[PDB]
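Read through the structure below, which is laid out as structure tokens, and then see the notes.
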Amino acid sequence: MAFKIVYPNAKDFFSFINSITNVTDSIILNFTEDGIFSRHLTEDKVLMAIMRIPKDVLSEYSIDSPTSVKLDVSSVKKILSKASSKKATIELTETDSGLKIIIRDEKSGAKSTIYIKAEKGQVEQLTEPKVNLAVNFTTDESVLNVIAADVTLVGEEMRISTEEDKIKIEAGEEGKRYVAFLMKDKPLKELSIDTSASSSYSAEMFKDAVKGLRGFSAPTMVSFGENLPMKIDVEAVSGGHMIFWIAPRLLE
Amino acid sequence: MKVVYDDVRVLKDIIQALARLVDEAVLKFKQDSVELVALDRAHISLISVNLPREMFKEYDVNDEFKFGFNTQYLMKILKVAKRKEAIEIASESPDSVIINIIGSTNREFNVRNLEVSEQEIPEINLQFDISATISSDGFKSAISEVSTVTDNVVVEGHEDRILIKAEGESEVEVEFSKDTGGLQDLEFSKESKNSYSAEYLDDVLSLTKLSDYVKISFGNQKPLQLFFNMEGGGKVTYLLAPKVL
Amino acid sequence: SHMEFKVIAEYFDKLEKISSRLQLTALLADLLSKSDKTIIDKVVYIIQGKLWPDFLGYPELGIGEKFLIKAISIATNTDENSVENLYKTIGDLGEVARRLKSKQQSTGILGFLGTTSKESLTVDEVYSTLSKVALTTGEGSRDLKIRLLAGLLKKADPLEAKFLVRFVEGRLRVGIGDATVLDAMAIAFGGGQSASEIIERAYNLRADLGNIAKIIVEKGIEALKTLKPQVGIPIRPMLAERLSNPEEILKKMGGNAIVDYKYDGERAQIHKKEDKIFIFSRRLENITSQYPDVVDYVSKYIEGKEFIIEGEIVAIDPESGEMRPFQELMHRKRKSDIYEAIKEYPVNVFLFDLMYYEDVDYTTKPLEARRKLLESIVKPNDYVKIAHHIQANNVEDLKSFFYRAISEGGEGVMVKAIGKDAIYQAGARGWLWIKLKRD
Amino acid sequence: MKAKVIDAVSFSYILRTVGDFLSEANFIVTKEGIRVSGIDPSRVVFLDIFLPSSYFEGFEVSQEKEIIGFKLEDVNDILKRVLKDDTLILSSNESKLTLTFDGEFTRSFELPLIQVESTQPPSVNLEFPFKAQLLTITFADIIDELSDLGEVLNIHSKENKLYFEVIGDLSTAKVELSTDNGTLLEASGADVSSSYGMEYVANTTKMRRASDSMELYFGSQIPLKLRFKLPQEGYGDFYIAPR
DNA sequence: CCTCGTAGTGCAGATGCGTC
DNA sequence: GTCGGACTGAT
DNA sequence: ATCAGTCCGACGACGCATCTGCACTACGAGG
Ligand SMILES: *P(=O)(O)OC[C@H]1O[C@@H](n2cnc3c(N)ncnc32)[C@H](O)[C@@H]1O
Ligand SMILES: [Mn+2]
Ligand SMILES: [Mn+2]
Ligand SMILES: [Mn+2]
Ligand SMILES: [Mn+2]
């Protein structure tokens with residue numbers, strides 16, 4: 001075989017592709033002995049979109065050689081927008097047509113199979129920035145969206161001061177200020193403080209990134225450093241890893 | 001003459017299916033059943049609705065009664081009741097018709113009886129080749145998956161599975177085979193391939209949740225025809241001619 | 001009822017074949033003579049291409065280009081993109097749909113079960129259906145309206161399915177104007193040409209044409225002269241001629257000339273029967289909805305009984321006295337949220353004439369009576385400004401006025417004509433008003 | 001001044017639904033009540049909003065004549081971003097407005113103080129020949145049930161009876177409202193008539209949050225009354241005038 | 001408390017009007 | 001508006 | 001052989017109306 005993958009949760013797979021499509025219109029998907037790894041970055045390179053799939057979620061795995069299909073989310077997204085039945089059976093295989101997504105839902109007993117045209121290509125190695133981010137924590141999911149929708153209406157800055165291990169968010173402009181606090185798990189679930197620093201990140205891209213945290217019912221890990229790119233780690237409920245890299249813009 | 005149906009929700013779908021397809025129609029109240037046939041000015045649709053006079057709380061007819069309406073207006077006020085509620089309708093003069101919402105603080109309404117003239121449509125004696133009984137709610141999945149990007153639906157009557165798909169930018173084939181969760185009854189007859197309009201199969205898909213077993217009846221050299229089954233042998237006969245030629 | 005749309009279609013066919021206005025008018029007169037009553041007003045409204053003159057304030061039809069393309073594709077049962085491409089090729093959408101009715105047709109549903117009942121269409125039912133289609137907004141709007149429009153389009157014949165497209169565009173490409181129809185009616189009903197002045201004045205009275213036509217076809221030419229200029233149906237402002245500023249105005253007038261100023265902005269007209277405010281634009285359309293606050297200055301600054309005045313609409317700087325561009329003012333006249341920019345967009349109702357006040361005919365008087373009338377019925381304030389009557393001596397003083405205007409900006413100087421026969425009529429261009437412009 | 005309202009939902013709701021007739025308002029901080037009495041741009045419907053000294057637990061009184069306005073859109077949009085029944089708190093700054101949410105976490109906002117003042121309260125003291133009481137939910141349901149039919153609305157009355165009737169060319173709306181059926185009790189008056197524009201009295205239905213019940217005073221050719229009672233001695237009023 | 005679903009509800013995405 | 005740009009007579 | 005008025009429709013570039021689709025969303029409906 002050259003294409004044999006099966007994923008448990010149709011909703012998790014579609015949320016994955018939604019998070020990826022919110023950052024671009026093309027798809028990069030490489031599949032090898034480690035499973036399926038994915039990556040996509042915007043031209044300005046301020047956000048990062050990577051889809052890592054642990055090779056245990058896939059019920060059936062069968063490949064011939066490490067390959068990558070030049071897939072594009074242009075029209076297929078609204079076609080795939082009719083996948084339901086929670087963990088409905090979804091699988092992908094190979095055909096000379098180019099791609100054939102198979103989704104079967106047992107809520108009413110139907111079969112969704114579609115056709116795409118996208119040829120194969122070449123694989124790229126695992127590509128993740130390596131850095132130490134002393135401050136790290138995994139929190140709830142609505143908290144980040146709250147931060148996005150409460151900071152997007154005062155400007156564009158996004159500065160974090162966790163001094164004395166007491167998290168403070170201060171952003172916006174001088175007049176339309178914002179004061180908020182994050183103590184030890186009072187709205188959070190897990191917190192770890194190692195250093196005191198400032199962030200000064202881009203908040204529009206903050207909302208853009210948090211747009212992709214609808215559905216992943218699991219406390220996602222987050223870390224950052226002093227003016228370093230911020231890291232947000234997500235563990236998919238069915239399975240798959242997709243993280244965030246808020247690339248800063250120096251001290252402008 | 002007075003009529004109250006304990007439910008109003010049934011009297012929302014048989015108006016949404018009737019709102020867009022035609023501007024005005026005639027409620028031919030009869031001594032036996034509720035005769036409501038409404039052609040379309042476009043002449044590319046035909047929706048006929050037959051309700052036995054037993055859904056109401058035992059309300060009897062006195063004589064033929066011709067209540068005109070305005071579709072948009074008719075559905076404008078009927079959207080009031082979201083809880084369990086009924087509505088009382090009666091009239092005396094053949095000019096004024098009295099419609100009165102009940103349950104909550106009584107709301108009565110006098111509506112002018114309009115006049116619309118239309119010709120009688122000949123009855124249907126057309127045999128067909130497909131006799132599927134697929135999940136009624138699954139048709140929602142099929143249509144909202146196929147005609148979301150396309151502008152034309154096409155059907156093939158295969159040996160033991162309904163082959164609805166739309167080609168073009170992509171071919172989206174979804175099947176409801178006998179095995180998994182699809183058909184419950186089907187007569188094959190003959191192989192048939194046909195296509196239908198992208199909107200006239202979009203309007204007729206918000207009256208679903210009254211029955212739960214359609215019987216699509218069509219074939220080659222035959223226009224589309226489906227009808228649900230309401231309470232007491234309900235008969236909502238909808239028609240649709242094939243596209244292109 | 002018994003009539004048909006075929007005959008008017010044929011006459012339209014034999015309408016774009018004569019470029020002589022001395023010939024087409026006679027054929028139009030013969031057509032109107034052979035036309036039938038009880039539908040002639042609707043026929044006329046079809047001729048000018050409007051279901052109803054917009055002094056009634058009706059919302060405009062929403063059909064345009066792409067909607068018509070889609071409807072044509074629907075009625076023809078033909079590919080939408082093919083018709084889009086053909087329209088991109090051939091400019092006339094009428095020809096775009098014309099070939100789509102004879103070589104191939106639309107099957108539909110009625111006919112397969114067996115029924116033979118369909119005859120020629122008539123102007124009465126078509127007009128009624130179009131009127132029903134006209135506003136019919138609702139919420140689930142466009143699908144129903146386009147369905148009915150395409151159905152009626154399919155309800156025709158291949159030859160006649162060309163004028164309808166233009167009938168929806170907003171113009172009739174037969175080159176037959178309104179004055180030509182007026183003179184044709186004068187020739188036909190009157191028999192002599194002298195029945196043209198009464199038609200002219202009748203048009204001067206009301207902005208309508210259908211009611212005037214029906215009262216003409218009911219009794220006759222007579223019983224129209226004593227019809228006073230009534231509050232209600234609007235009366236359009238007169239026109240003028242454009243030219244330079246030569247040594248011509250003083251000699252043409254002959255004596256002391258009424259030196260006025262060239263103002264800017266959308267004009268105004270008011271029709272108040274002491275109870276309600278009717279405002280009509282420079283064209284024949286209400287602006288009360290977009291101008292709620294101007295219906296109030298008239299009630300207090302102008303004192304008397306039912307009166308008719310003509311004004312103008314231009315913004316004023318709020319910081320101090322300074323004019324504002326019409327382009328900036330365009331944004332104000334679009335929204336229902338009046339109480340966010342109307343108070344920040346001050347507009348003065350400049351008055352230059354009091355047309356019809358003392359409950360009887362007034363427009364047949366020279367240009368001193370109205371000028372003196374307007375100076376008295378006024379309230380001292382800066383919110384309303386009147387004709388700044390400045391009297392000069394010669395061109396050098398006249399050029400001084402233009403220099404002052406240029407220093408203060410604005411359009412410039414406009415001068416009217418005063419004489420015994422020089423009166424504010426309705427129609428033509430005339431020398432009554434002279435507007436000056438240059439580079 | 002420091003405020004802390006136990007209902008961050010209902011107070012935001014009432015301010016938002018009153019921010020559809022005004023475009024600006026002022027707060028007069030005093031000993032026992034901070035009032036909101038503004039006049040509509042159309043000079044059609046005047047509205048006044050009063051609050052007690054007990055609406056908000058933990059309230060602080062600083063000065064007797066603190067007068068603060070705002071910009072309507074800023075406050076409306078900011079308080080559109082309120083999550084649930086969180087113990088919203090406020091503080092008064094001499095030159096700016098200070099907001100600080102307090103729920104599952106701690107938020108805050110800041111808004112400047114804009115100078116504005118226009119006090120023209122039209123004294124009413126009118127002899128309305130009617131007085132009746134009904135509960136908020138019924139009123140909201142009946143108002144919004146027939147709003148989307150036009151603009152004609154006539155509040156005709158009878159002897160100790162209050163009735164809503166809406167008339168259109170193609171159809172009409174009659175809503176019987178007797179104390180027998182749904183009109184509570186305390187009905188008194190005589191046969192009068194009046195009329196009001198549909199939208200003007202329709203858009204003031206979103207007062208179903210800080211609501212206990214409501215009264216109704218009206219008559220003929222007399223400004224209609226709409227007293228929207230609020231918990232603990234609160235009530236906002238919507239004085240509209242007949243056409 | 002845990003699932004829907006459902007009519008609202010706000011937000012882009014179209015097309016067309018009246019003014020030069 | 002708007003400027004052509006065609007259409008009607010005359011010395 | 002040449003002049004003075006004089007009627008009559010294209011010019012497209014559009015700001016904003018107004019519907020349409022169309023993802024979310026708080027609340028009701030039952031286990
Ligand atoms: P354009 O904007 O040039 O003209 C619009 C209308 O304004 C009227 N108008 C301008 N100036 C005057 C004077 N001085 N007197 C009377 N009317 C004036 C024109 O009639 C235009 O219709
Ligand atoms: Mn118009
Ligand atoms: Mn249009
Ligand atoms: Mn002007
Ligand atoms: Mn138009």
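Identifiers in this document derive from the order of the structure tokens: chains are assigned A, B, ..., residues are numbered from 1 separately in each chain, and ligands are numbered from 1 in order of occurrence.
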
### Message
If the limit is 10 Å from any atom of ligand 2, counting only C-alpha atoms (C1' of nucleotides) and all ligand atoms, which residues qualify? Return them as a list in words.
### Response
residues 53, 54, 55, 57, 58, 59, 60, 61, 283, 284, 285 and 286 of chain C; 17 and 18 of chain E

Write out the residues from the selection above, keeping N, CA, C and O atoms (P, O5', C5', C4', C3', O3' and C1' of nucleotides), as a PDB file, in the first residue's frame.
```
ATOM      1  N   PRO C  53     -44.933  57.134 -11.495  1.00  0.00           N
ATOM      2  CA  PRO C  53     -43.995  58.233 -11.247  1.00  0.00           C
ATOM      3  C   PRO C  53     -43.678  58.333  -9.767  1.00  0.00           C
ATOM      4  O   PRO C  53     -44.556  58.204  -8.914  1.00  0.00           O
ATOM      5  N   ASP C  54     -42.409  58.578  -9.466  1.00  0.00           N
ATOM      6  CA  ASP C  54     -41.912  58.406  -8.110  1.00  0.00           C
ATOM      7  C   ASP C  54     -42.201  59.591  -7.214  1.00  0.00           C
ATOM      8  O   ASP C  54     -41.546  59.737  -6.178  1.00  0.00           O
ATOM      9  N   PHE C  55     -43.151  60.455  -7.569  1.00  0.00           N
ATOM     10  CA  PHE C  55     -43.576  61.434  -6.581  1.00  0.00           C
ATOM     11  C   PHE C  55     -44.457  60.814  -5.505  1.00  0.00           C
ATOM     12  O   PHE C  55     -44.746  61.479  -4.505  1.00  0.00           O
ATOM     13  N   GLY C  57     -43.337  58.270  -3.841  1.00  0.00           N
ATOM     14  CA  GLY C  57     -42.380  57.761  -2.876  1.00  0.00           C
ATOM     15  C   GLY C  57     -42.282  56.255  -2.789  1.00  0.00           C
ATOM     16  O   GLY C  57     -41.876  55.728  -1.749  1.00  0.00           O
ATOM     17  N   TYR C  58     -42.634  55.544  -3.851  1.00  0.00           N
ATOM     18  CA  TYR C  58     -42.551  54.095  -3.796  1.00  0.00           C
ATOM     19  C   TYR C  58     -41.095  53.640  -3.881  1.00  0.00           C
ATOM     20  O   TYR C  58     -40.278  54.275  -4.553  1.00  0.00           O
ATOM     21  N   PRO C  59     -40.742  52.552  -3.196  1.00  0.00           N
ATOM     22  CA  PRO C  59     -39.389  52.006  -3.339  1.00  0.00           C
ATOM     23  C   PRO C  59     -39.150  51.481  -4.744  1.00  0.00           C
ATOM     24  O   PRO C  59     -40.058  50.981  -5.413  1.00  0.00           O
ATOM     25  N   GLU C  60     -37.905  51.602  -5.190  1.00  0.00           N
ATOM     26  CA  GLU C  60     -37.550  51.259  -6.557  1.00  0.00           C
ATOM     27  C   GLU C  60     -37.395  49.754  -6.724  1.00  0.00           C
ATOM     28  O   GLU C  60     -37.102  49.028  -5.771  1.00  0.00           O
ATOM     29  N   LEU C  61     -37.596  49.292  -7.956  1.00  0.00           N
ATOM     30  CA  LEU C  61     -37.375  47.887  -8.268  1.00  0.00           C
ATOM     31  C   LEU C  61     -35.913  47.531  -8.040  1.00  0.00           C
ATOM     32  O   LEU C  61     -35.017  48.349  -8.263  1.00  0.00           O
ATOM     33  N   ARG C 283     -35.432  65.851  -9.224  1.00  0.00           N
ATOM     34  CA  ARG C 283     -36.219  64.881  -9.964  1.00  0.00           C
ATOM     35  C   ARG C 283     -37.522  64.638  -9.202  1.00  0.00           C
ATOM     36  O   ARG C 283     -37.819  65.299  -8.205  1.00  0.00           O
ATOM     37  N   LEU C 284     -38.316  63.675  -9.660  1.00  0.00           N
ATOM     38  CA  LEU C 284     -39.665  63.477  -9.139  1.00  0.00           C
ATOM     39  C   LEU C 284     -39.650  62.340  -8.117  1.00  0.00           C
ATOM     40  O   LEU C 284     -40.084  61.223  -8.383  1.00  0.00           O
ATOM     41  N   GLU C 285     -39.149  62.646  -6.921  1.00  0.00           N
ATOM     42  CA  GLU C 285     -39.015  61.634  -5.882  1.00  0.00           C
ATOM     43  C   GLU C 285     -38.939  62.305  -4.516  1.00  0.00           C
ATOM     44  O   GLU C 285     -38.271  63.330  -4.359  1.00  0.00           O
ATOM     45  N   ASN C 286     -39.622  61.715  -3.535  1.00  0.00           N
ATOM     46  CA  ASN C 286     -39.651  62.270  -2.187  1.00  0.00           C
ATOM     47  C   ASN C 286     -38.286  62.162  -1.525  1.00  0.00           C
ATOM     48  O   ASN C 286     -37.536  61.214  -1.763  1.00  0.00           O
TER      49      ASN C 286
ATOM     50  P    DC E  17     -30.965  48.664 -10.189  1.00  0.00           P
ATOM     51  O5'  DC E  17     -31.114  49.934  -9.236  1.00  0.00           O
ATOM     52  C5'  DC E  17     -32.050  49.908  -8.169  1.00  0.00           C
ATOM     53  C4'  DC E  17     -31.972  51.178  -7.340  1.00  0.00           C
ATOM     54  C3'  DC E  17     -32.000  52.472  -8.142  1.00  0.00           C
ATOM     55  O3'  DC E  17     -32.679  53.493  -7.414  1.00  0.00           O
ATOM     56  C1'  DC E  17     -29.912  52.262  -7.028  1.00  0.00           C
ATOM     57  P    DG E  18     -33.470  54.652  -8.201  1.00  0.00           P
ATOM     58  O5'  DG E  18     -32.577  55.957  -7.966  1.00  0.00           O
ATOM     59  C5'  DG E  18     -32.528  56.562  -6.682  1.00  0.00           C
ATOM     60  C4'  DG E  18     -31.366  57.537  -6.583  1.00  0.00           C
ATOM     61  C3'  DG E  18     -31.441  58.737  -7.519  1.00  0.00           C
ATOM     62  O3'  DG E  18     -30.800  59.849  -6.908  1.00  0.00           O
ATOM     63  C1'  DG E  18     -29.560  57.438  -8.077  1.00  0.00           C
TER      64       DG E  18
END
```

### Query
Taking the backbone alone, and naming residues the way the document does, which bits of segment 43-228 of chain A are helix (DSSP H, G or I) by DSSP, as a list in words?
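Selecting the helix (DSSP H, G or I) positions of segment 43-228 of chain A gives residues 76, 77, 78, 79, 80, 142, 143, 144, 145, 146, 147, 148, 149, 150, 151, 163, 164, 165, 203, 204, 205, 206, 207, 208, 209 and 210 of chain A.
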
Protein and nucleic residues near ligand 3, 9 Å, only C-alpha atoms (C1' of nucleotides) and all ligand atoms, as an mmCIF file with N, CA, C and O atoms (P, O5', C5', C4', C3', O3' and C1' of nucleotides), in the first residue's frame:
```cif
data_model
loop_
_atom_site.group_PDB
_atom_site.id
_atom_site.type_symbol
_atom_site.label_atom_id
_atom_site.label_comp_id
_atom_site.auth_asym_id
_atom_site.auth_seq_id
_atom_site.Cartn_x
_atom_site.Cartn_y
_atom_site.Cartn_z
ATOM 1 N N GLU C 60 -37.905 51.602 -5.190
ATOM 2 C CA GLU C 60 -37.550 51.259 -6.557
ATOM 3 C C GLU C 60 -37.395 49.754 -6.724
ATOM 4 O O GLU C 60 -37.102 49.028 -5.771
ATOM 5 N N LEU C 61 -37.596 49.292 -7.956
ATOM 6 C CA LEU C 61 -37.375 47.887 -8.268
ATOM 7 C C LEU C 61 -35.913 47.531 -8.040
ATOM 8 O O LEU C 61 -35.017 48.349 -8.263
ATOM 9 N N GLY C 62 -35.676 46.306 -7.576
ATOM 10 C CA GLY C 62 -34.345 45.828 -7.270
ATOM 11 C C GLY C 62 -33.710 44.937 -8.308
ATOM 12 O O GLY C 62 -32.560 44.530 -8.130
ATOM 13 N N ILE C 63 -34.423 44.607 -9.387
ATOM 14 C CA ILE C 63 -33.832 43.785 -10.431
ATOM 15 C C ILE C 63 -32.721 44.563 -11.117
ATOM 16 O O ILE C 63 -32.844 45.767 -11.376
ATOM 17 N N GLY C 64 -31.617 43.879 -11.404
ATOM 18 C CA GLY C 64 -30.496 44.507 -12.075
ATOM 19 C C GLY C 64 -29.936 43.682 -13.214
ATOM 20 O O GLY C 64 -30.688 43.209 -14.071
ATOM 21 N N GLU C 65 -28.618 43.500 -13.238
ATOM 22 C CA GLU C 65 -27.991 42.745 -14.317
ATOM 23 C C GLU C 65 -27.859 41.265 -13.975
ATOM 24 O O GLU C 65 -28.438 40.413 -14.654
ATOM 25 N N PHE C 67 -28.996 39.414 -11.532
ATOM 26 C CA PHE C 67 -30.267 38.765 -11.232
ATOM 27 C C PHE C 67 -31.015 38.414 -12.510
ATOM 28 O O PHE C 67 -31.565 37.314 -12.636
ATOM 29 P P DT E 15 -23.024 37.891 -6.940
ATOM 30 O "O5'" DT E 15 -24.275 38.817 -7.308
ATOM 31 C "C5'" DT E 15 -24.111 40.223 -7.415
ATOM 32 C "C4'" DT E 15 -25.456 40.912 -7.518
ATOM 33 C "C3'" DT E 15 -25.575 41.913 -8.654
ATOM 34 O "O3'" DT E 15 -26.919 42.021 -9.056
ATOM 35 C "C1'" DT E 15 -25.633 43.058 -6.590
ATOM 36 P P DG E 16 -27.312 42.881 -10.351
ATOM 37 O "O5'" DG E 16 -27.989 44.197 -9.743
ATOM 38 C "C5'" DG E 16 -29.121 44.080 -8.884
ATOM 39 C "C4'" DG E 16 -29.578 45.438 -8.369
ATOM 40 C "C3'" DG E 16 -29.561 46.571 -9.395
ATOM 41 O "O3'" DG E 16 -30.653 47.459 -9.166
ATOM 42 C "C1'" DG E 16 -28.146 47.115 -7.601
ATOM 43 P P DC E 17 -30.965 48.664 -10.189
ATOM 44 O "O5'" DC E 17 -31.114 49.934 -9.236
ATOM 45 C "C5'" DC E 17 -32.050 49.908 -8.169
ATOM 46 C "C4'" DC E 17 -31.972 51.178 -7.340
ATOM 47 C "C3'" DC E 17 -32.000 52.472 -8.142
ATOM 48 O "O3'" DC E 17 -32.679 53.493 -7.414
ATOM 49 C "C1'" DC E 17 -29.912 52.262 -7.028
#
```

### Task
Identify, with DSSP run on backbone atoms, the residues in segment 85-220 of chain B assigned to strand (DSSP E or B), and express the list as an NGL selection string.
:B and (87-90 or 96-101 or 107-112 or 130-131 or 135 or 152-157 or 162-165 or 172-175 or 192-197 or 213 or 217-218)

Neighbour list for segment 15-18 of chain D as a PDB file with N, CA, C and O atoms, in the first residue's frame, cut-off 7 Å, only C-alpha atoms (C1' of nucleotides), skip fewer than 6 positions in-chain:
```
ATOM      1  N   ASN D  76     -21.303  50.715  25.839  1.00  0.00           N
ATOM      2  CA  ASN D  76     -22.172  49.659  25.331  1.00  0.00           C
ATOM      3  C   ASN D  76     -21.361  48.477  24.816  1.00  0.00           C
ATOM      4  O   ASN D  76     -21.659  47.321  25.133  1.00  0.00           O
ATOM      5  N   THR D 204     -38.172  49.069  23.176  1.00  0.00           N
ATOM      6  CA  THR D 204     -38.009  49.129  24.622  1.00  0.00           C
ATOM      7  C   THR D 204     -38.543  47.879  25.314  1.00  0.00           C
ATOM      8  O   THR D 204     -38.982  47.951  26.466  1.00  0.00           O
ATOM      9  N   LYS D 206     -36.540  45.107  25.647  1.00  0.00           N
ATOM     10  CA  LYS D 206     -35.411  44.387  26.216  1.00  0.00           C
ATOM     11  C   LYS D 206     -35.118  44.887  27.622  1.00  0.00           C
ATOM     12  O   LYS D 206     -33.981  45.245  27.940  1.00  0.00           O
TER      13      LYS D 206
END
```

### Message
Please check the contacts: residues of chain G at most 12 Å away from chain A, using only C-alpha atoms (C1' of nucleotides), listed as a list in words.
### Response
residues 22, 23 and 24 of chain G

Emit the selected residues as a PDB file, in the first residue's frame, including N, CA, C and O atoms (P, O5', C5', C4', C3', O3' and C1' of nucleotides).
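Resulting contents of result30.pdb:
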```pdb
ATOM      1  P    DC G  22     -23.195  29.193   2.713  1.00  0.00           P
ATOM      2  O5'  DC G  22     -21.901  29.620   3.538  1.00  0.00           O
ATOM      3  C5'  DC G  22     -21.805  30.946   4.036  1.00  0.00           C
ATOM      4  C4'  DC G  22     -21.859  30.947   5.545  1.00  0.00           C
ATOM      5  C3'  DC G  22     -22.319  29.622   6.174  1.00  0.00           C
ATOM      6  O3'  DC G  22     -21.398  29.228   7.166  1.00  0.00           O
ATOM      7  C1'  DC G  22     -23.419  31.428   7.148  1.00  0.00           C
ATOM      8  P    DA G  23     -20.145  28.300   6.787  1.00  0.00           P
ATOM      9  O5'  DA G  23     -19.081  28.621   7.936  1.00  0.00           O
ATOM     10  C5'  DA G  23     -19.333  28.200   9.270  1.00  0.00           C
ATOM     11  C4'  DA G  23     -18.885  29.253  10.266  1.00  0.00           C
ATOM     12  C3'  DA G  23     -18.824  28.773  11.704  1.00  0.00           C
ATOM     13  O3'  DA G  23     -17.889  29.544  12.435  1.00  0.00           O
ATOM     14  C1'  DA G  23     -20.592  30.325  11.473  1.00  0.00           C
ATOM     15  P    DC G  24     -17.054  28.867  13.629  1.00  0.00           P
ATOM     16  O5'  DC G  24     -17.534  29.658  14.935  1.00  0.00           O
ATOM     17  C5'  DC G  24     -18.827  29.418  15.481  1.00  0.00           C
ATOM     18  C4'  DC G  24     -19.317  30.630  16.252  1.00  0.00           C
ATOM     19  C3'  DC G  24     -19.720  30.356  17.692  1.00  0.00           C
ATOM     20  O3'  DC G  24     -19.590  31.547  18.459  1.00  0.00           O
ATOM     21  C1'  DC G  24     -21.633  30.936  16.456  1.00  0.00           C
TER      22       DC G  24
END
```

#### Entry: 10 Å shell around ligand 1 using only C-alpha atoms (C1' of nucleotides) and all ligand atoms, listed as a ChimeraX atom specification
/C:236-240,259-268,282-283,310-314,326,350-353,387-388,411-416,433-437 /E:20 /F:1

### Query
Once you count only C-alpha atoms, which residues of chain D turn out to be within 7 Å of chain B? Could you give them as a PyMOL selection string?
chain D and resi 145-146+170-177+181-182

### Message
Quick one: residues within 9 Å of residue 16 of chain B, only C-alpha atoms (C1' of nucleotides), excluding same-chain residues fewer than 4 positions away - as a VMD selection string?
### Response
chain B and resid 12 20 to 21 71 75 203 to 204 206 to 207

### 9 Å contact set for segment 183-196 of chain C, only C-alpha atoms (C1' of nucleotides), chain neighbours under 5 positions out, as a list in words
residues 25, 26, 27, 28, 29, 30, 32, 33, 178, 201, 213, 216, 217, 220 and 221 of chain C

Please produce an output containing N, CA and C atoms for each residue in the selection, written as a tab-separated table (two decimals), in the first residue's frame.
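The file below, out.tsv, is the result:
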```tsv
chain	number	residue	atom	x	y	z
C	25	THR	N	-44.17	60.92	-34.88
C	25	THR	CA	-45.22	61.51	-34.06
C	25	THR	C	-46.60	61.21	-34.63
C	26	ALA	N	-46.75	61.24	-35.96
C	26	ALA	CA	-48.03	60.92	-36.57
C	26	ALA	C	-48.42	59.47	-36.31
C	27	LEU	N	-47.46	58.55	-36.42
C	27	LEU	CA	-47.75	57.15	-36.13
C	27	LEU	C	-48.10	56.95	-34.67
C	28	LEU	N	-47.40	57.65	-33.77
C	28	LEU	CA	-47.75	57.59	-32.35
C	28	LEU	C	-49.16	58.09	-32.11
C	29	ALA	N	-49.55	59.17	-32.80
C	29	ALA	CA	-50.91	59.69	-32.67
C	29	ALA	C	-51.93	58.68	-33.17
C	30	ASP	N	-51.66	58.04	-34.30
C	30	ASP	CA	-52.57	57.01	-34.80
C	30	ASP	C	-52.68	55.85	-33.81
C	32	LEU	N	-52.23	55.95	-30.52
C	32	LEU	CA	-53.00	56.36	-29.35
C	32	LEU	C	-54.47	56.53	-29.68
C	33	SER	N	-54.79	56.95	-30.91
C	33	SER	CA	-56.18	57.01	-31.33
C	33	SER	C	-56.80	55.63	-31.37
C	178	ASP	N	-40.82	62.26	-24.07
C	178	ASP	CA	-42.09	62.62	-23.45
C	178	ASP	C	-42.80	63.74	-24.20
C	201	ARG	N	-49.54	73.24	-20.34
C	201	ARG	CA	-49.87	73.75	-19.01
C	201	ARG	C	-50.35	72.64	-18.09
C	213	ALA	N	-53.84	62.17	-18.77
C	213	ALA	CA	-54.23	61.43	-19.97
C	213	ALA	C	-55.64	60.86	-19.84
C	216	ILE	N	-58.18	63.52	-20.12
C	216	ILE	CA	-58.25	63.90	-21.53
C	216	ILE	C	-59.15	62.94	-22.28
C	217	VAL	N	-58.94	61.64	-22.10
C	217	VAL	CA	-59.71	60.65	-22.85
C	217	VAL	C	-61.12	60.47	-22.32
C	220	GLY	N	-62.59	65.46	-22.80
C	220	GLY	CA	-62.06	66.17	-23.95
C	220	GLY	C	-61.00	67.17	-23.51
C	221	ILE	N	-60.64	68.04	-24.46
C	221	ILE	CA	-59.59	69.02	-24.21
C	221	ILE	C	-60.01	70.00	-23.13
```
